[PDB]
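In: Curious how this folds, go ahead:
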Amino acid sequence: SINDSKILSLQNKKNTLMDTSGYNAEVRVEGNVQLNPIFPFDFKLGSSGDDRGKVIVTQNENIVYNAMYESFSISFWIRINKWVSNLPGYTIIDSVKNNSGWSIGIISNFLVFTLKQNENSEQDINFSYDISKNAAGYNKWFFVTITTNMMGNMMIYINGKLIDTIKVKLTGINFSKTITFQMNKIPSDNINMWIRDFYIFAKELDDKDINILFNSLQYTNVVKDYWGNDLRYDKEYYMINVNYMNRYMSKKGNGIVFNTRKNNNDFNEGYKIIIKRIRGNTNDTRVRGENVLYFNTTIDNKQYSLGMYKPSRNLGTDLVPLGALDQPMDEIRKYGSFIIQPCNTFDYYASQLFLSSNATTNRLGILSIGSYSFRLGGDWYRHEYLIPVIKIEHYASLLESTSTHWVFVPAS
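Out: Numbers count the residues shown, from 1 in each chain. And now the structure:
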């Protein structure tokens with residue numbers, strides 16, 4: 001397909017960063033550079049120590065490396081940890097030789113790709129993440145795709161979505177044969193960076209192009225946690241609804257209630273849930289596509305599993321509340337299991353959960369969310385409780401509702 005246009009393929013093979021395009025670029029790793037042994041085999045970089053990691057990719061004098069003067073695209077999965085709003089300027093991927101070439105940096109909540117024509121002239125497009133939607137920082141994995149046409153346009157994409165574009169100005173420039181991955185601070189406080197699958201194509205990839213590459217680099221059937229990593233079973237998490245990201249889980253009576261977080265910059269409140277497998281792959285602990293599973297939570301020091309309970313009063317038709325119950329394994333089998341389904345969007349890594357019939361893939365309803373006025377626990381009067389509620393047997397209306405999207409943030 002388009003793989004032909006590749007002239008750089010910085011991947012980790014056998015615990016060793018190398019070029020796999022077939023052009024044999026020189027890849028040197030200096031300092032503290034950590035390589036991930038499992039998928040996505042990313043390499044971690046820091047901005048802390050006197051020996052903070054560094055990766056140097058040097059392209060020989062090959063001719064193919066000149067298709068860069070016409071059309072060329074850059075793509076790579078990247079993750080910046082604790083990429084907070086007031087982050088100070090940094091350079092992460094520099095490819096400027098003598099005030100010429102290209103560079104990639106992050107300032108506050110901006111990801112900027114620059115194109116230095118010379119020590120003076122130089123353009124740049126960017127991506128600035130919606131801060132209001134990322135209080136705890138934009139710390140999730142996101143795919144970047146920068147397409148540059150020296151006679152055409154200079155565009156930047158995020159998770160296959162076009163975010164910015166500008167007309168390339170027609171002065172002369174000179175691209176370098178060296179790219180350096182390192183977090184150099186422009187002239188907690190330590191931030192980390194994970195890079196994975198760094199490509200440079202000798203053509204302008206188009207929207208269609210970009211997205212086929214975007215998906216091909218993912219195991220889309222594998223549900224992902226909030227930060228874009230693989231969701232795993234037997235691991236603690238804070239479960240949260242996309243529409244109520246400022247809420248944490250608590251307990252009242254049988255119900256799980258959602259209360260407003262006191263900490264809006266971190267996830268460290270309320271009870272955690274542990275996902276248990278029933279039906280799925282046994283090679284690993286990764287939560288997949290149509291896995292049947294259930295939810296465990298430890299409240300006081302007692303163990304519960306999320307399950308349906310009879311409400312103090314009829315809250316609505318085909319509406320039955322989800323709470324923390326202490327039930328036997330066979331009761332969970334009949335109506336306490338869920339069929340998960342990955343559900344990702346540009347904004348977040350989530351999932352939809354369908355009530356399972358007898359621990360099978362047969363769906364009986366969808367897990368949504370709502371606020372109801374009723375009695376819980378030992379209440380004398382009714383109260384306003386925001387609860388996770390299941391829409392049983394007629395939920396075609398919620399299938400496209402963002403209120404059915406749930407994320408998992410590792411409570412590690």
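In: What helix or strand is residue 77 located in?
Out: strand 71-81 (DSSP states H and E).
In: packing partners for that strand?
Out: strand 142-149, strand 192-201, helix 207-216 (3 or more C-beta pairs under 8 Å, 6 or more residues apart in numbering; DSSP states H and E). (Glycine included, C-beta is placed from N, CA and C.)
In: Pull up the gap between the closest residue to residue 128 other than its chain neighbours and residue 182, please.
Out: Take residue 128 and drop its neighbours on the chain: the residue closest to it by C-beta to C-beta, 6 or more residues apart in numbering is residue 110, 4.6 Å away. According to C-beta to C-beta, to the nearest Å, residue 110 and residue 182 sit 19 Å apart.
In: Please apply the same query to residue 326.
Out: Relative to residue 182, and taking C-beta to C-beta, residue 326 is found at 53 Å.
In: Comparing the two, which residue is more hemmed in?
Out: Between residue 326 and residue 182, residue 182 has the larger neighbour count (other C-beta atoms under 10 Å), namely 21 against 11.
In: need the strands for the stretch 251-400 of the chain, in chain order.
Out: 255-260, 273-279, 292-298, 303-308, 319-325, 338-344, 349-356, 363-374, 383-392 (DSSP state E, counting those that start in this stretch).
In: Give me whichever of the ones you listed is most buried.
Out: Comparing the strands of the stretch 251-400 of the chain by mean neighbour count (mean count of other C-beta atoms under 10 Å), strand 349-356 ranks first with a mean of 23.
In: Using CSV, write out the CA atom coordinates for the strand holding residue 77.
Out: Provided in CSV are the C-alpha atoms of strand 71-81 (Å, rounded to 0.1, in the frame of the first residue of the first chain):
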residue,chain,number,x,y,z
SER,A,71,6.4,15.7,0.1
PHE,A,72,7.0,14.0,3.4
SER,A,73,4.9,12.9,6.4
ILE,A,74,5.8,12.1,10.1
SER,A,75,3.8,9.8,12.3
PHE,A,76,4.3,8.4,15.8
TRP,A,77,2.5,7.4,19.0
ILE,A,78,3.5,9.6,21.9
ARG,A,79,2.5,10.1,25.5
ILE,A,80,3.6,12.9,27.8
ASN,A,81,3.1,12.2,31.5
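In: quick one: strands adjacent to the next helix or strand after it?
Out: Using DSSP H and E, the helix or strand that directly follows strand 71-81 along the chain is strand 90-96. Next to strand 90-96 in the sheet, as set by DSSP bridges, lie strand 101-106 (antiparallel), strand 178-185 (antiparallel).
In: Could you count how many residues lie near the nearest residue to residue 101 once chain neighbours are set aside?
Out: Nearest residue to residue 101 in three dimensions, chain neighbours excluded: residue 176, at 4.2 Å (C-beta to C-beta, 6+ apart). Number of residues near residue 176 (other C-beta under 10 Å) recorded here: 20.
In: What strand or helix carries residue 176?
Out: Short version, using DSSP H and E: residue 176 is in no helix or strand.
In: Angles on the backbone of it, please.
Out: phi -80, psi 170 (degrees, to the nearest 10).
In: Do I have it right that it meets residue 103?
Out: No. When contacts are counted by C-beta atoms under 8 Å, residue 176 is not listed as touching residue 103 (9.9 Å).
In: Which residues are in contact with each of the two?
Out: 95-96 (C-beta atoms under 8 Å, 6 or more residues apart in numbering).
In: Test of understanding: give the bridge partners of residue 295.
Out: Applying DSSP bridges to residue 295, the residues it is bridged with are residue 275.
In: Report the contact partners of it.
Out: Applying C-beta under 8 Å, 6+ apart, the residues contacting residue 295 are 239, 273-276, 305-306, 338.
In: ok, now which ones touch residue 300?
Out: If you count contacts by C-beta under 8 Å, 6+ apart, then residue 300 has nothing around it.
In: again, only using 10 Å
Out: Residues near residue 300 by C-beta atoms under 10 Å, 6 or more residues apart in numbering: 251, 271.
In: measure it to residue 271 for me?
Out: Residue 300 is 10 Å from residue 271, by C-beta to C-beta.
In: okay, and the common contacts of these two?
Out: residue 251.
In: Hmm, residue 95 is touching residue 174, no?
Out: No. The pair residue 95 / residue 174 is not scored as a contact, 11.4 Å apart, by C-beta atoms under 10 Å.
In: Compare those two and say which one has the larger neighbour count.
Out: Legend: neighbour count by other C-beta under 10 Å for residue 95 and residue 174, higher for residue 95 (23 against 13).
In: and the closest residue to residue 116 other than its chain neighbours, what is it in contact with?
Out: Leaving aside its chain neighbours, residue 116 sits nearest to residue 122 (4.2 Å; criterion: C-beta to C-beta, 6+ apart). By C-beta under 10 Å, 6+ apart, residue 122 lies in contact with 96, 99-100, 102-103, 114-116, 169, 171, 173.
In: Pipe these into JSON lines and attach distance to residue 88 and neighbour count per row.
Out: Putting the contacts of residue 122 into JSON lines (distance: C-beta to C-beta, whole Å; neighbours: other C-beta atoms under 10 Å) gives the following:
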{"residue": "96", "distance to residue 88": "20", "neighbour count": "19"}
{"residue": "99", "distance to residue 88": "23", "neighbour count": "13"}
{"residue": "100", "distance to residue 88": "25", "neighbour count": "19"}
{"residue": "102", "distance to residue 88": "22", "neighbour count": "25"}
{"residue": "103", "distance to residue 88": "16", "neighbour count": "20"}
{"residue": "114", "distance to residue 88": "17", "neighbour count": "19"}
{"residue": "115", "distance to residue 88": "23", "neighbour count": "23"}
{"residue": "116", "distance to residue 88": "21", "neighbour count": "23"}
{"residue": "169", "distance to residue 88": "29", "neighbour count": "13"}
{"residue": "171", "distance to residue 88": "31", "neighbour count": "10"}
{"residue": "173", "distance to residue 88": "28", "neighbour count": "19"}
